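# Examining the three-dimensional arrangement
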Protein chains: 2
Amino acid sequence: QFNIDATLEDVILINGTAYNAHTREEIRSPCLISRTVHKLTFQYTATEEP
Amino acid sequence: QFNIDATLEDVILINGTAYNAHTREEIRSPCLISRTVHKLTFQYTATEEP
């Protein structure tokens, strides 16, 4: 599970998909995530490389 | 429930007590809260004013 410490500031996801660490919201490949999330949960998806 | 965002950056609690909105972590008044918290849950406490 990817943590977001103070040094990471902001992160962006381009390829793959993501899920929230609190309510498990699905996230599209190209999209900004703002900062309301805490941790990033990856997944095994053979359709696209994250 | 107090929310956090980019405008308010960092916040500090001085008087009272607080509880995390994620894992119910109780915290006293004279300490920092780092950033791992996202929402602040107040409570009714007549012993001290928050």
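Residues numbered from 1 in each chain as written, not as in the entry; some residues may be left out. Chains lettered and ligands numbered in written order. Part of a larger assembly, values for the part shown. Heavy atoms only, no water.

This entry lists cryo-EM as its structure determination method and reports a resolution of 3.22 Å.

If you look chain A up in the PDB entry, it shows as Sperm-specific sodium proton exchanger from Strongylocentrotus purpuratus. As recorded in the PDB, the entry bears the title "Cryo-EM structure of Strongylocentrotus purpuratus sperm-specific Na+/H+ exchanger SLC9C1 in GDN".

Moving on to the environment of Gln 1 of chain B. Summarising the element assignment, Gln 1 of chain B is placed in the segment before β1 (2-3). Sequence separation of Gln 1 of chain B and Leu 40 of chain B is 39 residues, and the distance between their C-alpha atoms is 5.5 Å. (Helix = DSSP H or I, 4+ residues; strand = E, 2+ residues; numbered from the N terminus.)

The subject of this paragraph is the relation of the copies chain A and chain B. Laying chain A over chain B is done by rotating through 180° and shifting 0.1 Å along the axis; what remains is an RMSD of 0.4 Å. Accordingly, the operation relating the two chain copies is best matched by a two-fold axis. With an isologous cut-off of 70% or more, the 100% of interface residues of chain A that recur at the interface of chain B puts this contact in the isologous class. (Least-squares fit on C-alpha atoms. Contact = heavy atoms within 4.5 Å.)

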